[PDB]
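Shown next as structure tokens: one chain only, the form deposited in one PDB entry.
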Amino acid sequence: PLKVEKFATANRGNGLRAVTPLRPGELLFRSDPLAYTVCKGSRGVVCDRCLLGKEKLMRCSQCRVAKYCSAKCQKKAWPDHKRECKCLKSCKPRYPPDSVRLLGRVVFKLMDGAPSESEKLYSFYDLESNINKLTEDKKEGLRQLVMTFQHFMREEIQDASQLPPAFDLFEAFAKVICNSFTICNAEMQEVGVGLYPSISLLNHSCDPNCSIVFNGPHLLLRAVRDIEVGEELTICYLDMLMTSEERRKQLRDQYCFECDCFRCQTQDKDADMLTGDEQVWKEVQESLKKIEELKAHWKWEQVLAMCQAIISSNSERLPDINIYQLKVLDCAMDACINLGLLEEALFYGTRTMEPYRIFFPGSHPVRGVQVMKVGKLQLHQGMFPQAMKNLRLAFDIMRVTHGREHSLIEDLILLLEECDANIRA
């Protein structure tokens, strides 16, 4: 017997609930993806299988688009790449939308693949599509995806025979919109997209009681506070650095619902998020469109230059609690880490600590990882009392959000032991 179950909610479809009390940090479920792919910005920078960045990737010789860190990865990937390769070679110097490559892999994984453990609680067939809530604009976008898919797969899929029993491509793309997980690497960089149908049972809250974390493509679902018997299990679908208006847009546009959580009812934190001079934060918000695109493509030198122009502007500056300023600091910190500018990374990272304490309350994996980054930076600069405080705090968080089953916890424990050797009596 599991400690959770599927149930029919009153007004939000199916959900997952606790069938026994759960404690912070408890592992509730784990899953490989039904299907996944590298995301657009990371294609060619990270390995298509393990989603790690390496100096050197080796191209699939047959398509020259899918890239691997190693023979191990090419071989472990081949069953699930074998049918899409031809399709990728034809389209370049051009490339299908991530959703299309993802659905291609679902369609092959269904037909060709043994049944998937990712579907133990809920299957692809069961996923919500929200078809009766889609607007005309969204339906038009789905129709285009269907046409794109039919072109991409004409190579490997011409008729009903190669698509699953009673398969409707329009409905399948509708499912992909509201059930696609962004896969993040250990450093919380977005690197892939996948389907995890059992995890798609979880409804959303802006103040959730569970969290997911990724270790490569593998997903761990954990409780992040005490949960009572019968309580519905929730995760936050969204970035924490968002006002309630911003959250409302994304939840409507992507998920077709109106959030009734208490944070949305109270507009919790909205005004604190937008402190400082409007002329400046409006312009920073605009600049972040470019900065975030550059970051998604791992263009660190360009990210850093744009961020430095803001952080160290000759013109007016923002408080670090302003969410747009905060996002700029965090992009700059990650750019510096990746460029080996570790002193500079620490200045920006340390500035994010208190805002992150405020905006990622309780135990949130993104805060755990940020605090760990800052402690690591301090450790390697010989700032041992500071590092030890931060590494301990990171562990406080990550023992709950990541747990022993996540490899990053082993890395963190090594840092703690290293630092302790310098501060111990």
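Heads up: residue numbers just count along the shown sequence, starting at 1. Between two forms, the rigid core is defined as the largest C-alpha subset superposing within 1.5 Å.
Not pictured, yet referred to below: the form deposited in another entry.
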**Request:** Select from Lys138, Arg317, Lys282, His218 the only position whose Cα moves 2 Å or more between this form and the one not shown when the core is aligned.
**Result:** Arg317
**Item:** Yes/no, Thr350 Cα shift of 2 Å or more between this form and the one not shown with rigid core fixed
**Value:** no
**Asked** Once the two forms are fit on the core, has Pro115 moved its CA by at least 2 Å between this form and the one not shown?
**Response** yes
**Asked** Does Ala160 move its CA by 2 angstroms or more between this form and the one not shown when the core is aligned?
**Response** yes
**Message:** At a change of 3 Å or more, would you call the C-alpha separation of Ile323 and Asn314 in the other form closer or farther than in the form supplied?
**Reply:** closer
**Message:** With a change of at least 3 Å, which way does the C-alpha separation between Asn314 and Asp320 go in the other form: closer or farther?
**Reply:** closer
